[PDB]
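Working notes, beginning with the structure itself.
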Protein chains: 6
Amino acid sequence: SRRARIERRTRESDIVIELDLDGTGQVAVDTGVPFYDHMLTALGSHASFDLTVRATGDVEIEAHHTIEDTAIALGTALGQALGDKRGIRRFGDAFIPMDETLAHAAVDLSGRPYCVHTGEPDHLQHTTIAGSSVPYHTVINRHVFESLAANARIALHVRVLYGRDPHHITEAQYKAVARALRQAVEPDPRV
Amino acid sequence: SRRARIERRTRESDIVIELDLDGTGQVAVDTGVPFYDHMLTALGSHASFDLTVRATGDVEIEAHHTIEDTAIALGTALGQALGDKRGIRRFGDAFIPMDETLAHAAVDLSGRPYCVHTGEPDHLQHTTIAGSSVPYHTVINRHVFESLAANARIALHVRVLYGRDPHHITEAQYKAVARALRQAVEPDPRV
Amino acid sequence: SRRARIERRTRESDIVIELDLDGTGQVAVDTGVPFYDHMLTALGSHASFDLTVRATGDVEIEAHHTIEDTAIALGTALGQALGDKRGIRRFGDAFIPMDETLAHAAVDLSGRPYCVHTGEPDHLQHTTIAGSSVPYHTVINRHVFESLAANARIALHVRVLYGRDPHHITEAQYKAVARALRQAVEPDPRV
Amino acid sequence: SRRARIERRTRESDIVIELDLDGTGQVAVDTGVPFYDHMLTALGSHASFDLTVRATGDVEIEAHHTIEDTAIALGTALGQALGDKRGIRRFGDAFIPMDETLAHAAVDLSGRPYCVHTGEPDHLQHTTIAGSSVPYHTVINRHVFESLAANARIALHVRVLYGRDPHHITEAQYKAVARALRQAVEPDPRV
Amino acid sequence: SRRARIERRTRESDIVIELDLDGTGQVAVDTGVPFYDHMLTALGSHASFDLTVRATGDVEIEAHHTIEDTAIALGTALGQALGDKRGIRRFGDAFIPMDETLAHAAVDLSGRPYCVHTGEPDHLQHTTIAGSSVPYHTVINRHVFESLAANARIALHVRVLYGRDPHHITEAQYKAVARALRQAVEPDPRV
Amino acid sequence: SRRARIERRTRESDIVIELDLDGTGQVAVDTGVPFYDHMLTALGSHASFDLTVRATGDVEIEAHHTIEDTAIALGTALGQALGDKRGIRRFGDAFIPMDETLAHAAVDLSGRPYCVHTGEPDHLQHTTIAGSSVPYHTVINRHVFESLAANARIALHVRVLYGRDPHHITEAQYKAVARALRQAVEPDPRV
Ligand SMILES: [Mn+2]
Ligand SMILES: [Mn+2]
Ligand SMILES: [Mn+2]
Ligand SMILES: [Mn+2]
Ligand SMILES: [Mn+2]
Ligand SMILES: [Mn+2]
Ligand SMILES: [Mn+2]
Ligand SMILES: [Mn+2]
Ligand SMILES: [Mn+2]
Ligand SMILES: [Mn+2]
Ligand SMILES: [Mn+2]
Ligand SMILES: [Mn+2]
Ligand SMILES: [Mn+2]
Ligand SMILES: [Mn+2]
């Protein structure tokens with residue numbers, strides 16, 4: 001049983017995470033930031049987690065605090081669910097082609113906490129993905145990966161090899177992290 | 001007693017400031033611009049002021065006029081509360097690390113009115129921080145510091161040594177100004 | 001059963017493809033272009049397909065039309081054999097070292113049709129691989145990958161990281177596509 | 001009482017740390033790496049900690065594992081001794097001139113875990129400080145700061161403004177971290 | 001049974017290797033060069049080999065001859081244990097994130113003997129990793145990979161994508177080779 | 001009692017210094033060089049010294065000899081008044097904003113004698129500040145700092161971060177040294 005429930009209540013937000021590493025992609029995410037819900041739904045589904053995320057926070061300011069608190073809580077849940085990390089593959093990686101974009105992620109689950117994020121085009125440091133609700137500033141992508149790695153206590157390297165569309169570039173990164181995690185958490189039949 | 005109440009009524013906005021320099025961080029800010037409320041709440045709290053800001057203005061146009069009128073009124077309140085500036089430290093400075101960002105501010109409270117703002121990455125001249133309410137254009141950060149210094153009649157130098165996230169970069173600057181002010185307004189036991 | 005038979009008759013060529021995704025590498029290719037037969041034999045074998053290709057076309061002009069019609073028909077066969085794509089790994093990738101050459105391919109089988117081909121040395125835009133029969137112009141490599149992706153309706157990214165010999169560079173790419181496809185078409189035990 | 005005892009036993013090393021934040025610089029360090037003992041003795045003394053470090057590890061390989069495990073354990077001890085961090089200055093910074101070298105550090109003790117290390121001359125990525133015992137490779141300086149910040153859960157920025165001698169450059173950084181920590185952990189009379 | 005015992009006696013060194021490809025990571029390495037023992041212990045463990053290495057050589061000169069003779073003997077053992085290479089995956093690759101470092105290796109076990117080693121920072125051509133025993137000059141890393149590939153008769157490509165610490169950079173490469181070998185030697189259920 | 005009286009009689013000048021480190025800024029300076037009197041009055045006042053300087057020298061030549069002899073004598077007085085330097089803060093630093101100029105100084109009072117002076121605009125190597133009396137050549141600023149550090153036996157680093165006006169640039173440096181000294185000489189309540 002590799003499950004964790006994390007509640008995180010801060011001045012800025014209130015987060016509940018329920019995570020099972022050995023899931024079938026039963027995922028429900030509601031953070032008040034719909035593009036971020038899309039990304040975390042992709043992360044949970046492609047990782048073959050079962051994942052519920054419920055977050056409410058100070059989106060009148062902008063999505064940053066809620067996004068960051070959610071990534072800290074999710075990181076914490078992943079570290080807790082992994083437990084002693086005995087008998088797992090430990091390392092995982094995945095390439096995600098998405099139209100013109102190619103992204104990659106590599107993880108070491110028993111590595112020191114560390115994040116390296118490279119290759120994202122410079123326009124993503126000031127791009128907004130905006131719909132009818134609270135928008136998503138792509139400059140936060142790096143912050144999400146850094147917060148996940150710091151709180152799960154894993155080494156997580158995310159690369160954009162190339163790409164143009166900010167939705168493709170962002171979604172391919174979340175999916176690459178997800179499939180890298182899926183590989184790394186699997187039981188290793190030789191260990 | 002180092003207190004000031006400033007009312008500023010213009011064509012564009014209506015501002016009330018109540019400031020006490022010798023506070024404990026009892027801060028309440030409501031300007032209709034929630035990211036700016038976040039920044040001024042950080043400024044008042046980290047300066048160990050007691051500070052109430054109530055502003056209403058022409059946010060149908062954008063936040064600029066309300067932000068500027070608020071910074072003019074706050075500047076005026078700080079100059080008035082300082083009075084003759086006798087027996088204070090006068091100079092103050094502070095570094096604020098915020099994740100990848102490092103900011104600094106230095107003040108001379110008995111200096112000629114002057115603002116120098118350096119180091120902010122070029123992407124902040126066209127970045128928007130957007131939530132569910134009125135957004136905040138980071139190009140205004142310099143205008144806020146310039147308006148505070150011009151109306152408090154102080155020398156205020158704000159630097160970004162490095163950083164990436166526009167929320168970190170902006171918040172670290174407001175906090176650095178706040179902690180520089182906190183040091184400078186303190187009684188000097190030798191003067 | 002993941003099988004397809006495609007017949008494609010054009011003004012330029014006549015193609016029959018029989019494909020089984022769940023094969024053991026029983027491959028027979030005869031297109032009149034022997035280097036291309038070598039490449040498609042490598043593709044079918046390394047993908048663990050069972051694959052028969054029979055093509056005749058206007059090789060008095062040059063191999064282009066036959067190569068392109070063959071890749072369109074093969075693409076079509078792969079899309080048809082995949083069917084609804086339920087319960088498969090969907091993503092796959094492979095590195096192929098071949099002496100001095102390193103190539104890579106990544107696929108998303110449920111991705112929009114898209115091909116990105118990068119890294120091939122500039123000399124391959126005007127190189128000929130020539131024997132005793134119809135020669136193979138390596139400039140067509142990109143066209144083969146583009147035609148496969150457009151007609152299978154998959155995302156296919158092919159990279160040459162480095163290399164020198166045009167036969168190594170071309171063969172490593174065909175093998176990398178093959179092993180990426182082999183991984184992606186496999187049943188996924190968790191989906 | 002702001003004290004912590006951390007025991008850390010790994011495959012590579014065995015570490016005992018006893019730390020008191022409210023000390024008078026009573027410091028005893030023995031790691032088997034005498035230049036590192038010099039640096040941690042400087043850190044504990046200039047921070048006005050009371051600090052005992054006893055470490056034994058696989059120095060037949062080189063100092064890296066012992067240095068890293070020691071910095072992880074020390075980081076952990078500092079986080080534990082800080083407790084809820086109520087009523088402290090929280091931010092601290094210090095400049096350390098050492099002959100030709102000027103270094104600086106800035107800390108936020110209630111900041112997310114983060115380390116930024118800048119300005120160290122490129123020759124320190126391959127410099128050895130060697131005596132009659134186990135030598136110290138200055139490339140590890142960054143690793144020590146990163147491990148301290150990750151495990152104390154603080155924001156720590158270390159800068160070399162300029163310098164030449166690798167012993168001055170390294171010692172000035174350790175002292176700057178120490179005096180920044182000393183300022184940040186102090187009770188804040190207004191908070 | 002995929003086992004080999006190689007004895008190699010030269011003017012410079014005396015080497016005994018016992019290798020089983022189908023192991024559980026039971027590894028014991030003693031070459032007189034403790035950092036190299038660390039690296040080969042990592043290689044054997046991460047490859048899920050059972051591996052004993054006993055080497056004595058002319059370390060009064062430096063580690064080079066012993067390191068090279070050990071890598072030649074280990075290469076020879078891997079080629080012998082692989083036998084006819086029937087029914088194996090043949091290709092393997094692995095990414096290894098290690099703090100700031102990312103390394104990769106790709107292998108073709110039925111490829112011509114060939115080694116390509118790219119991306120290692122220039123400082124590793126003159127870096128020493130030194131403890132209390134015989135030191136390890138990182139310039140030899142390339143020689144180890146070249147000697148393994150030449151004597152196992154495999155294609156081995158090792159890349160450093162980025163990194164700074166010479167111990168991380170070296171260890172990540174040895175681990176990447178190890179996990180690439182582990183994948184490539186595995187029985188292939190379709191071949 | 002931290003007081004010193006230094007008399008220095010040379011071929012070029014006759015200097016009397018009376019210094020008390022624990023003063024209230026009772027300062028009287030008369031060197032025959034009125035801009036230098038302004039600078040030393042600023043230094044003594046901002047350091048919270050009590051300081052009398054009386055110097056007469058060969059100003060028919062230019063101010064250099066008198067300025068240098070005065071700085072040597074003042075340095076000597078500061079070293080003597082500091083005595084054994086027991087129980088003091090030892091390190092100090094200060095930023096001084098002066099209109100467009102920002103200067104900084106950092107000191108180690110128990111450091112080896114050393115001066116590093118950086119950042120002063122190139123026009124100050126040939127600028128004169130001229131009134132109705134003996135003028136002041138700003139090229140001497142570095143010489144004053146070097147002479148103070150050499151004779152007080154302290155490490156003194158003075159930086160101009162930016163500036164334009166030679167009077168602002170010079171005065172901000174003297175004030176920064178003064179406030180850095182004020183911090184460093186203070187009793188340290190923990191040492
Ligand atoms: Mn943040
Ligand atoms: Mn989408
Ligand atoms: Mn305006
Ligand atoms: Mn914030
Ligand atoms: Mn065509
Ligand atoms: Mn790659
Ligand atoms: Mn061939
Ligand atoms: Mn390490
Ligand atoms: Mn600075
Ligand atoms: Mn020393
Ligand atoms: Mn050799
Ligand atoms: Mn190691
Ligand atoms: Mn002179
Ligand atoms: Mn003046």
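FYI, nothing fancy with the structure tokens labels: chains A, B, ... in order, residues from 1 per chain, ligands from 1 as they appear.
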For this session: Name all residues at most 8 Å from range 147-150 of chain E (count only C-alpha atoms; drop same-chain ones fewer than 3 positions away) and give them as a ChimeraX atom specification.
Result: /E:68,71-72,74-76,113-115,143-144,153-156
For this session: Please provide the set of residues having any atom within 12 Å of residue 170 in chain A, restricted to only C-alpha atoms, with same-chain residues fewer than 4 positions apart removed, written as a PyMOL selection string.
Result: chain A and resi 35-36+38-40+42-43+96-98+101-104+119-121+124-125+127-129+136-142+144-145+158-160+162-166+174-177
For this session: Check chain A with DSSP on the backbone and list each residue it calls helix (DSSP H, G or I), as JSON, numbers by chain.
Result: {"A": [34, 35, 36, 37, 38, 39, 40, 41, 42, 43, 44, 45, 46, 64, 65, 66, 67, 68, 69, 70, 71, 72, 73, 74, 75, 76, 77, 78, 79, 80, 81, 82, 122, 123, 124, 125, 138, 139, 140, 141, 142, 143, 144, 145, 146, 147, 148, 149, 150, 151, 152, 166, 167, 168, 169, 170, 171, 172, 173, 174, 175, 176, 177, 178, 179, 180, 181, 182, 183, 184, 185]}
Problem set entry | Residues of chain D within 8 Å of chain B, counting only C-alpha atoms, as a count of residues only | 17
Problem set entry | Å distance separating CA of residue 3 in chain B from CA of residue 51 in chain B, one decimal place | 9.8 Å
For this session: Can you tell me which residues come within 8 Å of ligand 12 when counting only C-alpha atoms and all ligand atoms, ideally as an MDAnalysis selection string?
Result: (chainID D and resid 64:65) or (chainID E and resid 38:39 167:168 171)
Exercise. Which residues, written as a PyMOL selection string, have at least one atom at most 6 Å from range 86-90 of chain C, with only C-alpha atoms counted and residues fewer than 4 positions away on the same chain left out?
Worked result: chain C and resi 108-109+184-188+191
Based on the selection just made, write N, CA, C and O atoms of those residues as a tab-separated table (two decimals), in the first residue's frame.
chain	number	residue	atom	x	y	z
C	108	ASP	N	4.54	9.43	-30.12
C	108	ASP	CA	3.23	9.38	-29.43
C	108	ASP	C	2.19	8.84	-30.41
C	108	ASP	O	1.86	9.53	-31.41
C	109	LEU	N	1.74	7.63	-30.18
C	109	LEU	CA	0.86	6.93	-31.17
C	109	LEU	C	-0.56	7.49	-31.20
C	109	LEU	O	-1.27	7.24	-32.19
C	184	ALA	N	5.98	1.54	-28.06
C	184	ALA	CA	4.72	2.27	-27.99
C	184	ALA	C	3.54	1.34	-28.29
C	184	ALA	O	2.53	1.53	-27.68
C	185	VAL	N	3.71	0.34	-29.15
C	185	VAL	CA	2.52	-0.48	-29.56
C	185	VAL	C	2.24	-1.56	-28.51
C	185	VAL	O	1.11	-2.22	-28.62
C	186	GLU	N	3.18	-1.83	-27.62
C	186	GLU	CA	3.07	-2.93	-26.64
C	186	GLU	C	1.84	-2.70	-25.76
C	186	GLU	O	1.48	-1.57	-25.42
C	187	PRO	N	1.16	-3.79	-25.33
C	187	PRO	CA	0.13	-3.65	-24.31
C	187	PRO	C	0.73	-3.03	-23.05
C	187	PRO	O	1.86	-3.35	-22.65
C	188	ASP	N	-0.03	-2.13	-22.44
C	188	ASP	CA	0.36	-1.51	-21.16
C	188	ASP	C	-0.38	-2.23	-20.05
C	188	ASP	O	-1.61	-2.11	-19.96
C	191	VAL	N	-2.99	-0.01	-18.04
C	191	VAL	CA	-3.94	0.83	-18.84
C	191	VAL	C	-4.84	-0.11	-19.66
C	191	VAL	O	-6.05	-0.14	-19.43
For this session: Tell me which protein, DNA and RNA residues are within 7 Å of residue 52 in chain E, counting only C-alpha atoms, leaving out same-chain ones fewer than 6 positions away, and put them as a list in words.
Result: residues 17, 18, 19, 27, 28 and 29 of chain E
Exercise. Can you tell me, as a count of residues only, what residues are no more than 10 Å from residue 66 in chain D when counting only C-alpha atoms, ignoring any on the same chain fewer than 5 positions away?
Worked result: 16
For this session: Using backbone DSSP assignments, extract all strand (DSSP E or B) residues from range 39-187 of chain E; output them as JSON, numbers by chain.
Result: {"E": [50, 51, 52, 53, 54, 55, 56, 57, 88, 91, 92, 93, 94, 95, 96, 97, 98, 101, 102, 103, 104, 105, 106, 107, 108, 114, 115, 116, 117, 118, 128, 129, 136, 137, 155, 156, 157, 158, 159, 160, 161, 162, 187]}
For this session: For each of F:60, F:54, F:161, F:70, take the minimum atom-to-atom distance to ligand 9, counting only C-alpha atoms and all ligand atoms, then give the residue where this is smallest.
Result: F:161
